[PDB]
Amino acid sequence: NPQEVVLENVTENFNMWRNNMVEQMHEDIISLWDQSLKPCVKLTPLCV
Amino acid sequence: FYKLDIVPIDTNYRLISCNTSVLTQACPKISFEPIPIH
Amino acid sequence: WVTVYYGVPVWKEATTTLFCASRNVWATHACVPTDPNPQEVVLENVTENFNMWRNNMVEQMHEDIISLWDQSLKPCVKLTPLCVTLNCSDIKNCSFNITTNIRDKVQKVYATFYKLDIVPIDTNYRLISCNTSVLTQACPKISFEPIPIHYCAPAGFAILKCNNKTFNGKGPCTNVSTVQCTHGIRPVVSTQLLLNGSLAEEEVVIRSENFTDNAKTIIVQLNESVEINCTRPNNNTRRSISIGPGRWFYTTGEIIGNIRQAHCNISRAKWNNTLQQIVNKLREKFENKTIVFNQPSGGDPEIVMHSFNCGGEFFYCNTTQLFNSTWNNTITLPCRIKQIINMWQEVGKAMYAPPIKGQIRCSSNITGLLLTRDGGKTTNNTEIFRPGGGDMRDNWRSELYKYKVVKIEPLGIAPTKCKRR
Amino acid sequence: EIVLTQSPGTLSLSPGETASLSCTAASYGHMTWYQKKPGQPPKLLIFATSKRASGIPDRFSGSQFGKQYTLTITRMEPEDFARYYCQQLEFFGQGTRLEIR
Amino acid sequence: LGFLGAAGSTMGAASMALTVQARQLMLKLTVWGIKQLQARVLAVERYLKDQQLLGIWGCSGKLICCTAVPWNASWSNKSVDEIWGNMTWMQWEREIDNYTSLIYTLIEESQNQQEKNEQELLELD
Amino acid sequence: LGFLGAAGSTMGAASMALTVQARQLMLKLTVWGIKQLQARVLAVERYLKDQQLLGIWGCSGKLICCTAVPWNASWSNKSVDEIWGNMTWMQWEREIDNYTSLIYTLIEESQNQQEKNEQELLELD
Amino acid sequence: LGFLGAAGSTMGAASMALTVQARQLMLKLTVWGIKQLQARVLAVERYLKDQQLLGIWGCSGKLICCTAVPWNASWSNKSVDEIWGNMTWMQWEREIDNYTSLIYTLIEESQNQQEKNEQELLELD
Amino acid sequence: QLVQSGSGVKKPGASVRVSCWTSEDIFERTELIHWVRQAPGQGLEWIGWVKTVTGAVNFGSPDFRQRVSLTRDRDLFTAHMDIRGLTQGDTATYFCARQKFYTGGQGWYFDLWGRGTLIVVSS
Ligand SMILES: *[C@@H]1O[C@H](CO)[C@@H](O[C@@H]2O[C@H](CO)[C@@H](O[C@@H]3O[C@H](CO[C@H]4O[C@H](CO)[C@@H](O)[C@H](O)[C@@H]4O)[C@@H](O)[C@H](O[C@H]4O[C@H](CO)[C@@H](O)[C@H](O)[C@@H]4O[C@H]4O[C@H](CO)[C@@H](O)[C@H](O)[C@@H]4O)[C@@H]3O)[C@H](O)[C@H]2NC(C)=O)[C@H](O)[C@H]1NC(C)=O
Ligand SMILES: *[C@@H]1O[C@H](CO)[C@@H](O[C@@H]2O[C@H](CO)[C@@H](O[C@@H]3O[C@H](CO[C@H]4O[C@H](CO)[C@@H](O)[C@H](O[C@H]5O[C@H](CO)[C@@H](O)[C@H](O)[C@@H]5O)[C@@H]4O)[C@@H](O)[C@H](O[C@H]4O[C@H](CO)[C@@H](O)[C@H](O)[C@@H]4O)[C@@H]3O)[C@H](O)[C@H]2NC(C)=O)[C@H](O)[C@H]1NC(C)=O
Ligand SMILES: *[C@@H]1O[C@H](CO)[C@@H](O[C@@H]2O[C@H](CO)[C@@H](O[C@@H]3O[C@H](CO[C@H]4O[C@H](CO)[C@@H](O)[C@H](O)[C@@H]4O)[C@@H](O)[C@H](O[C@H]4O[C@H](CO)[C@@H](O)[C@H](O)[C@@H]4O)[C@@H]3O)[C@H](O)[C@H]2NC(C)=O)[C@H](O)[C@H]1NC(C)=O
Ligand SMILES: *[C@@H]1O[C@H](CO)[C@@H](O[C@@H]2O[C@H](CO)[C@@H](O)[C@H](O)[C@H]2NC(C)=O)[C@H](O)[C@H]1NC(C)=O
Ligand SMILES: *[C@@H]1O[C@H](CO)[C@@H](O[C@@H]2O[C@H](CO)[C@@H](O)[C@H](O)[C@H]2NC(C)=O)[C@H](O)[C@H]1NC(C)=O
Ligand SMILES: *[C@@H]1O[C@H](CO)[C@@H](O[C@@H]2O[C@H](CO)[C@@H](O)[C@H](O)[C@H]2NC(C)=O)[C@H](O)[C@H]1NC(C)=O
Ligand SMILES: *[C@@H]1O[C@H](CO)[C@@H](O)[C@H](O)[C@H]1NC(C)=O
Ligand SMILES: *[C@@H]1O[C@H](CO)[C@@H](O)[C@H](O)[C@H]1NC(C)=O
Ligand SMILES: *[C@@H]1O[C@H](CO)[C@@H](O)[C@H](O)[C@H]1NC(C)=O
Ligand SMILES: *[C@@H]1O[C@H](CO)[C@@H](O)[C@H](O)[C@H]1NC(C)=O
Ligand SMILES: *[C@@H]1O[C@H](CO)[C@@H](O)[C@H](O)[C@H]1NC(C)=O
Ligand SMILES: *[C@@H]1O[C@H](CO)[C@@H](O)[C@H](O)[C@H]1NC(C)=O
Ligand SMILES: *[C@@H]1O[C@H](CO)[C@@H](O)[C@H](O)[C@H]1NC(C)=O
Ligand SMILES: *[C@@H]1O[C@H](CO)[C@@H](O)[C@H](O)[C@H]1NC(C)=O
Ligand SMILES: *[C@@H]1O[C@H](CO)[C@@H](O)[C@H](O)[C@H]1NC(C)=O
Ligand SMILES: *[C@@H]1O[C@H](CO)[C@@H](O)[C@H](O)[C@H]1NC(C)=O
């Protein structure tokens, strides 16, 4: 479960366009996508 | 094949992904349904 | 009575996995603990026993380099489709029948090969690496330029360095400094002559595991560098032959200009001065006599020729003009170029070096030599030395000769007259 | 050559006795010893002056005396009446032989 | 003295530098990444073995931890002044080969009895 | 007793062996190498969770750490002699299911108040 | 207060929650497995660096560890009541940029001298 | 162990190719392959060596350096001795032997010897 701890009188600077979490999500998804296809059938024989 | 997947060679066709990339078939057992992660 | 102290300056000889600090073939983006500054802690009255020929750091450097080299080529283009009969005329311009992107058509294509890369079949040629190994083309984006790396001990370990200067590579050293990381060492690949790395502080020092055993390599570390100008003058062009679905073979296309021999230029006076110092030290190590330098007798390239990795091309140089001399204005050394390289004496693997489009010019520093003795009974008062050995661990052994790895054991017991309340 | 002179040339011994084989060097590297029979390749007995090769019994031993190195074969068996040679790196001595008294 | 301060030559010469030494104790499947991960794990595992051991001898201090254990043999038959003077810590350790793993003559037993005794007194007084 | 000394049967029967147990707490991508690395990391992570927890209850000793926390319910309605006698440590633990994560009835609060009180007295006296 | 209790605004407002925060400090070569192993190692390595550092300042307590080090410059020229009141812990830290790595004005030297002095007194008295 | 080429007779001026070979397990643990000669009625004479890794060679005297080519084959786990210019003085049994990796100062010692190839040079 989430803890949601609200911080009284706390301000912070957010920037969605400099968010390292976005870059990691992109990297995780592509490496997973490729890892999952690693053992799958190659279709080289169809380039005829 | 759907038309978008093939290109004329110049009724003579080739798969579009024969000169730029290596084509791999996704395994039929792999679901592509998004499951949220945290 | 029994009192325990923690953090005492005590160490034991030990091995441990080392990590380094500092697109390249040796990665270097992963080796990024980033070097701050050396600490050079000099230990008063501390002596230690060093042995460059039993140095585990050498074995690790060799293992790291080969595993990196292979890892970097793992995703690169295989050249299996080129092991077909080639129709070769005149360096040779060869043609062959290769399956194209659509695997029901065959193209006739052309590429050059250097003579050293092909063997007659019995104008019918095959690549030399078609019966002993699997040939892989190195990716054009991978730099082979040596970038120095520093070997660093894990936190519970330290590296002791010998500062004796004229240390012979084996035995007690009485001036010991403690560092966490070694000096940077460029992983230079070469034979016969040692290139770049680091020079001796005062004198040329000749080291050998045993000077009377002619099976061991004599390593000569110079105290002055000799600069070598190596050129591959031909004005090339690069050609790309598709060999598959997103894969292609990079080869050399038509030569734009005239054909000229690759060569290296060494100053004659500098080389003569270098040899005089070597001769003086050999005279001291053996027993007076005269010194004769001569040509290696192994016959074949790779064994008898000097090799360089220059811009990514592989040069084999006929260094006989450097050694055909008896001791009591430039020298031009012709060089040959080879594209199929068995770097490291591996079995089952080979690399194809893609050609470089432009003219290549390198400037390297000779900082040492690998010499062997001519055995047998001496029939005069002379000894004969030849370029030799060729075991790559000798190159790394020379750079790492100053270091030993030890384990810190900070906990210990000493006497007093104390008892807990 | 002045290196690896061996002696005695021929040693007439009874079974069960001890052979004493000497090799004198002009220099000090460790000595190596071999046993040979006609029609056979030599067998390594001793190396690094005093160590013995696997398969070699404790009859065989050796030691250093400055530039003199020696091989001792004690409790000699009939199978040891063979030709012996000393080696020092690249050189071999003349060799000596044991014979039955 | 710097990182080690080795061979201060009076044993205690570098005792005040004991903490200098004590203090010294992205990447996928690439060669350097794997080696760094193992090195990091090793540093931690070793650090903890030393702290764990001090922790059962009743030691948490660093420079000196006095115990309640006597010498039951000479071990090295020298007076304190012959050790803590004209000597490198390493030489001192070098002198004792046979009272190494055996130096710890149940230090931990003495520690356990002391903790037990303290509990009994706290319950009783 | 050996490594566990289990079922010494008086609870405290093996209390002096608590440290025997406490003390017990190349390779690439080969199967055995990977498994060993994970096992080493797990041992460390678990060791530290226990030390971390003792560390906030004011415990650093090992055999016995007396606290300032009373029993606010019977929990297990037995006298001390009925527990510390005719019983295996495991049986004792087996008896309490409902005062497990709830046994730690803010031990750490008592510890925090004590540390705060000590600081106030040091500043004031 | 919950996990952080940030901005309690009197500095010591959340001092009694310091331990709430302190406490918070199969799989092969699959992407998630590798990342989790590195994360676990990092948590351990960082935890230990903080404990190691407290350990040489003579600190093992958590809420407050009084030292023997004076202020040798104003650093931040405010009285105690101007800091411990009308202020978030982060603001307090934000105020000092130049007495950060330099705040530790040889705390460890003071600790070493104290341990040495204790040993000398135990041997002498 | 160390399988060798058989014996034979050559006329003066002829060349001979002597070879030997072994298993992968032995070859991979060998630093040097040495060749030793024994003329009838004589003791042992060292001819030379080949490093199994680099192909580097050395010889007993110029009389061999200028006539005998020593090579190795790291894919086949073999070694060869090509003797050119055979004379009557070269009649001998030729042995191959191996030197295991060893540290300096231990001296040379060969644990394993082949059976010996007999080469006779005669009119
Ligand atoms: C993968 O593919 C490679 C490439 O083909 C292959 O390597 C080759 O192996 C063959 C042996 O099978 C090598 O062929 C020999 O070459 C020597 C060369 O000598 C000259 O060149 C050297 C260069 O260093 C000079 O130093 C030297 O002075 C010479 O100028 C030849 O001398 C050999 O000739 C004999 O063997 C031949 C076998 O076919 C015979 O045909 C020939 O007549 C000779 O022997 C016969 O006559 C003798 C009398 O003259 C008699 O005494 C003998 O008993 C016999 O009857 C030979 O041609 C070739 O060079 C290697 N090539 C390269 C590029 O290295 C690998 O083996 C193969 N791999 C695997 C793993 O299976
Ligand atoms: C021993 O150590 C020495 C060094 O001390 C080694 O010698 C050096 O080797 C490297 C690799 O072979 C050489 O780098 C290459 O140089 C060529 C030629 O460069 C010239 O022509 C270029 C034309 O485009 C020009 O750009 C170059 O300009 C340089 O200088 C300006 C400043 O004036 C700077 O702004 C530039 O960025 C350049 O640095 C110069 O006029 C070049 O063509 C090569 O480029 C290829 O590789 C790079 C990646 O490395 C890639 O990005 C490119 O696209 C291209 O594919 C490359 O830069 C270096 O010049 C040598 N140093 C000297 C003094 O000669 C020696 O090899 C070591 N020996 C051994 C045995 O290891
Ligand atoms: C290549 O490898 C070889 C080994 O294969 C090395 O050779 C050794 O080198 C050392 C150093 O020169 C030699 O050491 C000398 O040993 C002598 C032994 O003889 C005495 O002891 C034996 C006991 O076995 C008795 O039987 C004998 O009768 C003698 O009593 C010593 O006498 C020598 O002493 C001299 O030096 C000492 C200092 O150490 C002085 O105090 C003495 O007064 C005297 O001057 C000396 O110790 C050793 O013998 C050599 N061979 C062997 C087989 O060990 C090569 O050195 C190495 N090459 C290189 C370049 O490193
Ligand atoms: C032992 O090694 C030290 C370290 O190199 C030598 O002292 C000086 O060290 C500094 C680095 O801290 C260098 O910049 C100096 O150049 C070194 N001095 C000299 C003269 O080179 C020390 O001299 C060495 N001891 C001996 C006997 O040579
Ligand atoms: C090898 O020789 C052939 C001719 O036998 C060369 O073919 C020429 O290629 C160029 C393009 O680079 C064409 O414009 C010419 O028309 C071709 N000539 C002929 C007669 O067809 C080939 O380029 C040569 N290869 C190399 C690397 O030099
Ligand atoms: C290096 O160059 C020398 C020439 O300077 C080559 O030696 C010649 O080799 C041929 C063929 O065997 C002989 O006919 C000549 O008489 C030799 N010349 C001299 C002056 O001796 C040598 O072969 C070359 N080496 C390499 C590896 O290319
Ligand atoms: C090589 O090409 C020429 C034509 O240029 C042809 O006549 C010859 O037969 C070919 N040789 C081979 C081996 O294919
Ligand atoms: C290429 O294929 C043709 C047949 O289409 C054949 O005549 C020719 O000899 C082949 N060339 C080579 C080099 O194999
Ligand atoms: C290095 O050792 C030699 C003895 O082998 C000694 O003469 C020389 O002075 C030493 N060098 C230094 C810097 O101490
Ligand atoms: C070669 O030596 C000169 C000094 O003679 C130095 O300035 C230069 O940087 C050195 N080059 C290399 C690659 O070490
Ligand atoms: C070597 O010197 C010659 C002149 O003697 C010159 O023509 C040539 O370009 C030089 N080569 C190199 C690599 O410097
Ligand atoms: C020929 O060499 C010059 C440099 O000397 C280079 O600028 C030119 O582009 C080369 N010619 C071709 C066609 O690449
Ligand atoms: C060796 O040479 C030196 C001069 O460098 C000389 O003093 C010494 O006597 C010579 N030794 C012999 C044995 O000739
Ligand atoms: C070696 O030098 C001599 C002169 O001393 C010369 O006659 C001979 O041709 C040279 N050999 C080579 C390979 O350069
Ligand atoms: C040729 O050698 C000189 C030194 O004699 C050096 O300054 C110059 O840079 C070298 N040429 C090249 C292309 O490196
Ligand atoms: C050795 O001396 C002889 C004369 O006895 C001479 O003919 C021969 O050339 C000399 N050898 C060398 C290498 O100087």
# chains A, B, ... in the order shown; residues from 1 in each chain; ligands from 1
call {"tool": "residues_near_ligand", "arguments": {"ligand": "ligand 4", "cutoff": "8 Å", "atoms": "only C-alpha atoms and all ligand atoms", "output": "tab-separated table (two decimals) with N, CA and C atoms, in the first residue's frame"}}
result
chain	number	residue	atom	x	y	z
C	40	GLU	N	50.48	8.57	-3.11
C	40	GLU	CA	51.91	8.36	-2.95
C	40	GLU	C	52.39	8.34	-1.51
C	41	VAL	N	51.90	7.42	-0.70
C	41	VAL	CA	52.33	7.48	0.68
C	41	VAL	C	53.61	6.71	0.86
C	42	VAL	N	54.69	7.41	1.16
C	42	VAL	CA	55.99	6.76	1.26
C	42	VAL	C	56.17	6.15	2.63
C	163	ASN	N	59.91	1.93	-5.76
C	163	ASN	CA	60.54	3.15	-6.25
C	163	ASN	C	62.09	3.11	-6.33
C	164	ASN	N	62.69	1.90	-6.40
C	164	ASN	CA	64.13	1.65	-6.45
C	164	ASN	C	64.80	2.13	-7.77
C	175	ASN	N	62.47	1.12	-0.98
C	175	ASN	CA	61.76	2.39	-1.09
C	175	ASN	C	60.37	2.07	-1.65
C	176	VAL	N	59.38	1.93	-0.75
C	176	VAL	CA	58.03	1.48	-1.07
C	176	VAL	C	57.00	2.55	-0.80
C	177	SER	N	56.18	2.82	-1.80
C	177	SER	CA	55.10	3.79	-1.73
C	177	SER	C	53.76	3.09	-1.83
call {"tool": "residues_near_ligand", "arguments": {"ligand": "ligand 1", "cutoff": "8 Å", "atoms": "only C-alpha atoms and all ligand atoms", "output": "JSON list (two decimals) with C-alpha atoms, in the first residue's frame"}}
result
[["chain", "number", "residue", "atom", "x", "y", "z"],
["C", 119, "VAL", "CA", 45.92, -18.53, -49.83],
["C", 120, "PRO", "CA", 45.86, -20.41, -53.18],
["C", 121, "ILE", "CA", 43.40, -23.26, -53.47],
["C", 128, "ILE", "CA", 43.13, -17.81, -45.05],
["C", 129, "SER", "CA", 40.69, -17.87, -42.14],
["C", 130, "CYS", "CA", 38.12, -20.34, -43.65],
["C", 131, "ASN", "CA", 39.39, -23.64, -42.29],
["C", 132, "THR", "CA", 40.72, -22.78, -38.73],
["C", 298, "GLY", "CA", 61.31, -17.78, -37.30],
["C", 299, "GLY", "CA", 60.73, -17.12, -41.05],
["C", 300, "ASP", "CA", 57.02, -16.23, -41.05],
["H", 14, "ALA", "CA", 68.20, -34.56, -49.30],
["H", 15, "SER", "CA", 65.74, -32.97, -46.96],
["H", 16, "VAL", "CA", 63.65, -34.70, -44.31],
["H", 17, "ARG", "CA", 60.47, -33.68, -42.55],
["H", 18, "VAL", "CA", 60.27, -35.06, -39.06],
["H", 69, "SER", "CA", 63.58, -25.08, -39.65],
["H", 73, "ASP", "CA", 50.91, -25.91, -35.53],
["H", 75, "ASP", "CA", 45.41, -25.83, -34.50],
["H", 76, "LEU", "CA", 46.63, -29.37, -35.07]]
call {"tool": "residues_around", "arguments": {"residues": "residue 47 in chain F", "least_positions_apart": "5", "cutoff": "10 Å", "atoms": "only C-alpha atoms", "output": "count of residues only"}}
result
7
call {"tool": "interface_residues", "arguments": {"of": "chain F", "to": "chain C", "cutoff": "12 Å", "atoms": "only C-alpha atoms", "output": "VMD selection string"}}
result
chain F and resid 26 to 28
call {"tool": "write_last_selection", "arguments": {"atoms": "N, CA and C atoms", "output": "tab-separated table (two decimals), in the first residue's frame"}}
result
chain	number	residue	atom	x	y	z
F	26	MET	N	37.87	-15.89	-11.82
F	26	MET	CA	37.28	-16.44	-10.61
F	26	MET	C	35.88	-17.03	-10.96
F	27	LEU	N	34.81	-16.20	-10.83
F	27	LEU	CA	33.40	-16.51	-11.09
F	27	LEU	C	32.81	-15.44	-11.99
F	28	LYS	N	32.23	-15.87	-13.11
F	28	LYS	CA	31.63	-14.94	-14.06
F	28	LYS	C	30.10	-15.07	-14.06
call {"tool": "residues_around", "arguments": {"residues": "residue 110 in chain C", "least_positions_apart": "4", "cutoff": "10 Å", "atoms": "only C-alpha atoms", "output": "list in words"}}
result
residues 86, 87, 88, 93, 94, 95, 96, 97, 239, 241, 251, 252, 253 and 254 of chain C
call {"tool": "select_by_dssp", "arguments": {"residues": "chain H", "states": "alpha helix (DSSP H)", "output": "list in words"}}
result
residues 24, 25, 26, 27, 62, 63, 64 and 65 of chain H
call {"tool": "interface_residues", "arguments": {"of": "chain C", "to": "chain A", "cutoff": "9 Å", "atoms": "only C-alpha atoms", "output": "NGL selection string"}}
result
:C and (101-105 or 245)
call {"tool": "residues_around", "arguments": {"residues": "residue 103 in chain E", "least_positions_apart": "3", "cutoff": "8 Å", "atoms": "only C-alpha atoms", "output": "short mmCIF file (atom, residue, chain, number, x, y, z; two decimals) with C-alpha atoms, in the first residue's frame"}}
result
data_model
loop_
_atom_site.label_atom_id
_atom_site.label_comp_id
_atom_site.auth_asym_id
_atom_site.auth_seq_id
_atom_site.Cartn_x
_atom_site.Cartn_y
_atom_site.Cartn_z
CA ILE C 413 46.89 -8.11 19.43
CA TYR E 99 49.33 -17.48 19.01
CA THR E 100 47.33 -16.21 16.12
#
call {"tool": "residues_around", "arguments": {"residues": "residue 72 in chain F", "least_positions_apart": "3", "cutoff": "10 Å", "atoms": "only C-alpha atoms", "output": "VMD selection string"}}
result
chain F and resid 69 75 105
call {"tool": "residues_around", "arguments": {"residues": "residue 58 in chain D", "least_positions_apart": "4", "cutoff": "9 Å", "atoms": "only C-alpha atoms", "output": "PyMOL selection string"}}
result
chain D and resi 52+73-74
call {"tool": "closest_atom_pairs", "arguments": {"of": "chain C", "to": "ligand 14", "cutoff": "7 Å", "atoms": "only C-alpha atoms and all ligand atoms", "output": "Markdown table"}}
result
| residue | atom | partner | partner_atom_place_in_ligand_line | distance |
| --- | --- | --- | --- | --- |
| C:320 | CA | ligand 14 | 13 (C) | 6.0 |
| C:321 | CA | ligand 14 | 14 (O) | 5.7 |
| C:324 | CA | ligand 14 | 1 (C) | 5.0 |
| C:325 | CA | ligand 14 | 2 (O) | 6.7 |
call {"tool": "write_last_selection", "arguments": {"atoms": "N, CA and C atoms", "output": "JSON list (two decimals), in the first residue's frame"}}
result
[["chain", "number", "residue", "atom", "x", "y", "z"],
["C", 320, "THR", "N", 65.02, -5.28, -39.79],
["C", 320, "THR", "CA", 66.31, -5.96, -39.84],
["C", 320, "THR", "C", 67.42, -4.95, -39.87],
["C", 321, "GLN", "N", 67.09, -3.74, -40.30],
["C", 321, "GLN", "CA", 68.05, -2.66, -40.44],
["C", 321, "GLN", "C", 68.34, -2.07, -39.09],
["C", 324, "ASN", "N", 70.90, -5.66, -37.58],
["C", 324, "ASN", "CA", 72.05, -6.25, -38.27],
["C", 324, "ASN", "C", 73.31, -5.41, -37.95],
["C", 325, "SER", "N", 73.87, -5.60, -36.72],
["C", 325, "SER", "CA", 74.99, -4.80, -36.19],
["C", 325, "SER", "C", 75.84, -5.47, -35.12]]
call {"tool": "residues_near_ligand", "arguments": {"ligand": "ligand 12", "cutoff": "12 Å", "atoms": "only C-alpha atoms and all ligand atoms", "output": "list in words"}}
result
residues 232, 233, 234, 235, 236, 237, 238, 253, 254, 255, 256, 257, 258, 356, 357, 358, 359, 360 and 361 of chain C
call {"tool": "atom_distance", "arguments": {"atom1": "atom 38 (C, counted along the ligand's line) of ligand 2", "atom2": "CA of residue 353 in chain C"}}
result
22.4 Å
call {"tool": "residues_near_ligand", "arguments": {"ligand": "ligand 11", "cutoff": "7 Å", "atoms": "only C-alpha atoms and all ligand atoms", "output": "PyMOL selection string"}}
result
chain C and resi 229-231+263-265+330+332
call {"tool": "write_last_selection", "arguments": {"atoms": "C-alpha atoms", "output": "PDB file, in the first residue's frame"}}
result
ATOM      1  CA  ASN C 229      56.988   7.967 -38.152  1.00  0.00           C
ATOM      2  CA  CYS C 230      54.746   5.233 -39.741  1.00  0.00           C
ATOM      3  CA  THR C 231      52.808   5.870 -42.904  1.00  0.00           C
ATOM      4  CA  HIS C 263      56.921   2.209 -44.229  1.00  0.00           C
ATOM      5  CA  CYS C 264      58.336   3.541 -40.893  1.00  0.00           C
ATOM      6  CA  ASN C 265      61.061   6.203 -40.486  1.00  0.00           C
ATOM      7  CA  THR C 330      67.261   7.963 -41.336  1.00  0.00           C
ATOM      8  CA  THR C 332      63.360   3.363 -43.679  1.00  0.00           C
TER       9      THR C 332
END
call {"tool": "atom_distance", "arguments": {"atom1": "CA of residue 35 in chain F", "atom2": "CA of residue 61 in chain C"}}
result
25.9 Å
call {"tool": "residues_near_ligand", "arguments": {"ligand": "ligand 2", "cutoff": "6 Å", "atoms": "only C-alpha atoms and all ligand atoms", "output": "MDAnalysis selection string"}}
result
chainID C and resid 143 145:146 188 195:196 308:311 362:364
call {"tool": "write_last_selection", "arguments": {"atoms": "N, CA, C and O atoms", "output": "compact mmCIF listing (two decimals), in the first residue's frame"}}
result
# COMPACT_ATOMS: atom_id res chain seq x y z
N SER C 143 36.89 2.20 -31.82
CA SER C 143 38.25 2.69 -31.86
C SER C 143 39.21 1.69 -31.25
O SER C 143 38.91 1.06 -30.23
N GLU C 145 42.29 2.79 -30.48
CA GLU C 145 43.30 3.64 -29.89
C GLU C 145 43.43 3.31 -28.41
O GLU C 145 42.44 3.33 -27.69
N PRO C 146 44.61 2.93 -27.91
CA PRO C 146 44.82 2.64 -26.52
C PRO C 146 44.54 3.86 -25.68
O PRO C 146 45.08 4.93 -25.94
N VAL C 188 48.73 -1.36 -25.09
CA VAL C 188 49.29 -1.35 -26.41
C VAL C 188 49.62 -2.75 -26.84
O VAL C 188 50.21 -3.52 -26.09
N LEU C 195 56.05 -0.29 -27.40
CA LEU C 195 55.70 1.06 -27.75
C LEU C 195 54.93 1.74 -26.63
O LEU C 195 54.20 1.08 -25.89
N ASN C 196 55.12 3.07 -26.53
CA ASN C 196 54.51 4.01 -25.59
C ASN C 196 54.75 3.55 -24.14
O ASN C 196 55.90 3.39 -23.73
N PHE C 308 52.39 -3.38 -35.40
CA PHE C 308 51.68 -2.20 -34.89
C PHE C 308 50.21 -2.22 -35.21
O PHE C 308 49.79 -2.65 -36.28
N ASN C 309 49.43 -1.58 -34.35
CA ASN C 309 48.04 -1.28 -34.65
C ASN C 309 48.03 0.25 -34.85
O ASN C 309 48.11 0.98 -33.85
N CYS C 310 48.03 0.73 -36.12
CA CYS C 310 48.22 2.13 -36.51
C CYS C 310 46.96 2.69 -37.18
O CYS C 310 46.69 2.45 -38.36
N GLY C 311 46.14 3.34 -36.38
CA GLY C 311 44.90 3.93 -36.86
C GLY C 311 43.79 2.91 -37.00
O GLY C 311 42.63 3.26 -37.24
N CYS C 362 51.00 7.80 -38.24
CA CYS C 362 51.14 7.57 -36.79
C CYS C 362 52.52 8.01 -36.33
O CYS C 362 53.51 7.91 -37.07
N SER C 363 52.60 8.42 -35.08
CA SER C 363 53.89 8.68 -34.45
C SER C 363 53.93 7.99 -33.12
O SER C 363 53.19 8.35 -32.20
N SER C 364 54.77 6.99 -33.03
CA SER C 364 54.84 6.17 -31.83
C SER C 364 56.20 6.30 -31.15
O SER C 364 57.17 6.66 -31.81
call {"tool": "residues_near_ligand", "arguments": {"ligand": "ligand 6", "cutoff": "10 Å", "atoms": "only C-alpha atoms and all ligand atoms", "output": "list in words"}}
result
residues 295, 296, 297, 298, 299, 300, 301, 302, 303, 304, 305, 306, 316, 317, 318, 319, 320, 321, 324, 333, 334, 335 and 336 of chain C
call {"tool": "residues_near_ligand", "arguments": {"ligand": "ligand 10", "cutoff": "7 Å", "atoms": "only C-alpha atoms and all ligand atoms", "output": "VMD selection string"}}
result
chain C and resid 196 to 197 224 to 225 227 364 to 365
call {"tool": "write_last_selection", "arguments": {"atoms": "N, CA and C atoms", "output": "CSV table (one decimal), in the first residue's frame"}}
result
chain,number,residue,atom,x,y,z
C,196,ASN,N,55.1,3.1,-26.5
C,196,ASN,CA,54.5,4.0,-25.6
C,196,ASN,C,54.7,3.5,-24.1
C,197,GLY,N,53.7,3.3,-23.3
C,197,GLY,CA,53.9,2.9,-21.9
C,197,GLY,C,54.8,3.9,-21.1
C,224,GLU,N,65.1,6.7,-22.6
C,224,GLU,CA,64.9,7.8,-23.6
C,224,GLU,C,64.0,7.2,-24.7
C,225,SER,N,63.1,7.9,-25.2
C,225,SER,CA,62.2,7.4,-26.3
C,225,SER,C,62.8,7.6,-27.7
C,227,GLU,N,61.3,8.3,-31.5
C,227,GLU,CA,60.1,8.5,-32.2
C,227,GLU,C,60.1,7.9,-33.6
C,364,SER,N,54.8,7.0,-33.0
C,364,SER,CA,54.8,6.2,-31.8
C,364,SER,C,56.2,6.3,-31.2
C,365,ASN,N,56.3,6.0,-29.8
C,365,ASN,CA,57.5,6.0,-29.1
C,365,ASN,C,58.0,4.6,-28.7
